[PDB]
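Below is one structure, written out as structure tokens; the observations come after it.
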Amino acid sequence: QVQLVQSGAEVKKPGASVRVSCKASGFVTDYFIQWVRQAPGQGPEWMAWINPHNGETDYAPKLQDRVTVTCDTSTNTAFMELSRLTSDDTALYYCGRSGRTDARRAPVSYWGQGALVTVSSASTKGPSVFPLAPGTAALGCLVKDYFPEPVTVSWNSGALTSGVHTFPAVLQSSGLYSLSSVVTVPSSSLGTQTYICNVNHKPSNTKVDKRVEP
Amino acid sequence: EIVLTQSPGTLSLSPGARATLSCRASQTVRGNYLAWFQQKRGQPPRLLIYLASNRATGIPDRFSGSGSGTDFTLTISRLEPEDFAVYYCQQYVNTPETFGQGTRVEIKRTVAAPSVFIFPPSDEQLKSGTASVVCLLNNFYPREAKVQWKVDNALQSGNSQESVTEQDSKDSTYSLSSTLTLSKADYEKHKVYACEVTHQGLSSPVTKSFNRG
């Protein structure tokens, strides 16, 4: 059925270029393809449209000069290139399908999953996982100094879900991220139940299991 | 650029209530090419309304777009718990095809004070020469809260970061984590580490403390 499959997450230094792909399956010269980006904690921002049936494009004037959209008929894939990147460009880059290229104008009805582009002078780097040591008791893991997003945290390999809060990451002034994950448990449970946080940083192929003791 | 101004920024309502969301354009949106999107969690936007008043395919009839010119409204006639989300308007006729800044619709519940917990740095972290001290504010409402770090009763400033969870789907509360980061050198200079929490559910700000040792 209808799918927009985007290329994987990328890290770029300031001044570099990125090209995001948007591979159509289930339908790409039949429909307008659109590009929308979303910075973490911000709203969506429209970038561009292409008519893949004749190569016509429209670009946001702010971010015209730096942006190019193209489409390859043969591989059924559309591309957005953004040049002269700064940390202002760190965003989830969505492609989307709007109306048919022969139809009335329409908004974006089908969205890709987005490609996270992180623009930074930091290098890819797995976290340090530190315990947050403990009748309800709070305990946790501090997942510090990793780059880029994201990291996933589970407890007791996903056995423990009730009372868990995994917080949004903060971007430290070092350019590295830090995140906490906490859980509230019965105080009587301590020194009977073992608590291990399971941290996965896919981007650095890092898995840490950290036991939290009283 | 057509600028879209949505209001309010935040709407706190009971499930079952009517919600009215406004989108004002800085100029006429020709053809009424005004769309409404819903966004939840970490998902792409979902189209609700096109041409200002037309429900997209498989969108329930409790959603209603109206207006024309510079003045548009999304009404949700009866809020189901899945409708608490961010709503963006967008004009899709004039380049650039601008979005509004979003209205957040959040569940209105009774006031709940945070439960506050403070975590000293681990010995594992101190071995590497930095001290992260963490303050947890657990399961509070409303979202508005203030953390003040103190070190021997001196107010801190510029050396902490915090983040807030999404509204909990079971109890409609928020939680907040604040981290104070110091060098092991600066940490070892002081005894009393405290986070002071201000919240509508607290009669006065509450402080949670430990002594290094």
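Methodologically, a virtual Cβ is constructed for each residue, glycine included, from the backbone with ideal geometry; neighbour enumeration extends over all protein chains shown. No lab work stands behind these numbers, since they all come straight from the coordinates.
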- Message: What's the total number of residues in the stretch A:1-36 that are farther than 19 Å from A:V67 by Cβ, of a type outside the set (A, V, I, L, M) and in a strand (DSSP E or B)?
- Response: 4
- Specify the residue that is farthest from the chain's Cα centre (by Cα); the eligible residues are those in the stretch B:182-201 that are assigned to a strand (DSSP E or B) and among the polar types (S, T, N, Q). B:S183
- Can you confirm whether the stretch B:54-71 contains a residue that is under 30 Å from A:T57 (Cα atoms) and touching a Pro at 6+ places or on another chain (Cβ under 9 Å)? yes
- Can you tell me which of B:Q148, B:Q161, B:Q156 is more than 14 Å from every other protein chain (Cβ to nearest Cβ), farther than 25 Å from B:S12 by Cα and under 22 Å from the mean Cα position of the chain (by Cα)? B:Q148
- Candidate set: the stretch A:38-85, residues that are within 10 Å of chain B (Cβ to nearest Cβ) and among the aliphatic types (A, V, I, L, M); chosen: the one farthest from A:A9 (Cα to Cα): A:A60
- Query: Of all residues in the stretch A:122-142, which are touching a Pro at 6+ places or on another chain (Cβ under 6 Å) and among the polar types (S, T, N, Q)?
  - Reply: A:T124
- Out of B:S172, B:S128, B:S163, report the one residue that is crowded, with 17+ Cβ neighbours inside 10 Å and within 26 Å of A:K210 (Cβ to Cβ). B:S163
- Of the residues that sit in the stretch B:14-66 and are charged (D, E, K, R) and not in a strand (DSSP E or B), which one is farthest from the other protein chains (Cβ to nearest Cβ)? B:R18
- Note on the structure: The one condition A:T124 fails out of (1) touching a helix residue (DSSP H, G or I) at 6+ places or on another chain (Cβ under 6 Å); (2) within 10 Å of chain B (Cβ to nearest Cβ); (3) farther than 22 Å from B:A131 by Cβ; (4) not basic (K, R) is (2)
- Query: Looking only at the stretch A:176-203, which residues are outside any strand (DSSP E or B) and surrounded by fewer than 16 Cβ atoms within 10 Å (Cβ to Cβ)?
  - Reply: A:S187, A:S188, A:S189, A:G191, A:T192, A:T194, A:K202
- Selection from the stretch A:157-180 of residues within 19 Å of A:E213 (Cα to Cα) and touching a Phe, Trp or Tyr at 6+ places or on another chain (Cβ under 7 Å) yields A:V164, A:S180
- Query: A:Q34: of a type outside the set (D, E) and within 13 Å of chain B (Cβ to nearest Cβ), yes or no?
  - Reply: yes
- Item | Matching residues, the stretch B:80-107, being at the interface with chain A (Cβ under 10 Å from one of its Cβ atoms), in contact with a helix residue (DSSP H, G or I) (Cβ under 8 Å, 6 or more places away or on another chain) and either assigned to a strand (DSSP E or B) or surrounded by 17 or more Cβ atoms within 10 Å (Cβ to Cβ) (or both) | none
- Item | Filter result for A:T101 (more than 30 Å from B:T165 (Cβ to Cβ) and touching a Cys at 6+ places or on another chain (Cβ under 8 Å)) | no
- Quick one: which of B:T179, B:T207, B:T110 is surrounded by fewer than 17 Cβ atoms within 10 Å (Cβ to Cβ) and part of a strand (DSSP E or B)? B:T207
